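Single chain ahead, written as structure tokens, the form deposited in one PDB entry.
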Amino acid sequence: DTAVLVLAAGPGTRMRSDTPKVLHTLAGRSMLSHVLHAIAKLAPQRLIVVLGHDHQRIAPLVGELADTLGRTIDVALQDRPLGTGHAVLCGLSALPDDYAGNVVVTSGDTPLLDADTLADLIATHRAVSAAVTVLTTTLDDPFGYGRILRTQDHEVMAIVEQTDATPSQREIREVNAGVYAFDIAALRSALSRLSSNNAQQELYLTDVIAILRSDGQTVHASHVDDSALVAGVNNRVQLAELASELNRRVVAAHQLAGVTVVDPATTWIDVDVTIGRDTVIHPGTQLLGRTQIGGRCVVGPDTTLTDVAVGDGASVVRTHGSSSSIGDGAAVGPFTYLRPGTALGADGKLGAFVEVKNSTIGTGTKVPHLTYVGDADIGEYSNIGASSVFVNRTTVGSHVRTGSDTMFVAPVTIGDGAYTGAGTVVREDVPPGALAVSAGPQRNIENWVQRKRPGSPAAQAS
């Protein structure tokens, strides 16, 4: 039996942001979302999130996530950010007076923390019958972390915060993860004895360690060797570092499953994205949101896709696209913009300098050059000429061949197998197999240039 509390009520001042800290994102989820996902998977009996000043703007998001994960998640309010020890006091208040399970505590700013790490913590805590078990790790750069103080016998004595530590204690590289398990009665007892006489004038959860040690209670540290899993984020430098570590891991998972990723460092892949076997992803690419790529695709370089579905054997090269689907074998890019509601059929082509918005494009249809397609439905095996505009519904049939520089003034229907001539402005329906035209005939004005541009390079050349 376990209750997990998530401390998410600090001001977040070191982020320097008007967006609450725990709402900042990496890999397509907010830090609080990452932490709640890992905990839902652990499936404890209770899950409490302590919220503070910005609670109006965070609580609804927590309720959406409770729905999403199919479990209830309570919110305890912490009126003023008096310290992590005080946040835990506020959290405990959402539990019955007589609750008797373990209490696990973690921060909203430790977003790589995973279900396994949490499980192992609870198992260690129970195995050594500890009044408190604290996760620790060891870091080349421990700046900002509580330092682990040990006796000569390697027994944990205390946690000292970066603001309170001596120059000498600051060299300690073993750090507090800020992830704990507690005996409830011992935790309640230690919290009632915290005082705020320290360099931040705050009630430190970390003092509970020396307090329980005081009482001769069992204090156990558990060393997490993979430091990333328990790394924290207090500012945007640390946010981008952990986002980059998490992104290397996501990419590695894909590479081990069969995806070529030419340059992991410049390939950003959100956590829910799936990618098929033998796809090759070229440098400078972001795959975001619920993007799904099939097998044997080529993607990038310099492509950004957010919520885009791509079939098998497609090419999507230098493409900026969102909320769109791209069929098997289709070719998109280079220099192609897909706006929401774009559906391109199998073996379709959208070429260079083409933008599509809210349009359906049938199997085998090509829009290869300098064209805008908006609010239109186009059939199968059609060909849209270069430098054209769908001026915006318009329906174009199958096996149509439209000429370069055609404007389609919505709404108009072009029948199956119809053609338009180059330079046509289409303002009315075109029957199946008809040719629509409107450009006037060419006229040559002889020797114009000698007359109107006399002594010019063009005049001398003629």
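Superpose the two forms; the largest set of C-alphas matching within 1.5 Å is the rigid core. Numbers for residues come from their place in the sequence shown, where the first is 1.
This next part talks about the form deposited in another entry, which is not shown.
Which of these moves by 2 angstroms or more at the C-alpha between the shown form and the other one, core superposed: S129, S214, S168, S195?
After core superposition, the one over threshold is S168.
Using the rigid core as the reference frame, would you say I58 shifts its C-alpha by 2 Å or more between the shown form and the other one?
It does shift by 2 Å or more.
If the C-alpha spacing of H34 and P60 moves by 3 Å or more in the other entry, is that a move closer or farther apart?
Compared with the form shown here, the C-alpha atoms of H34 and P60 sit closer together in the other entry, by 3 Å or more.
Knowing the Cα distance between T19 and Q56 changes 3 Å or more in the other entry, does it shrink or grow relative to here?
It is closer: the C-alpha separation of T19 and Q56 falls by at least 3 Å in the other entry.
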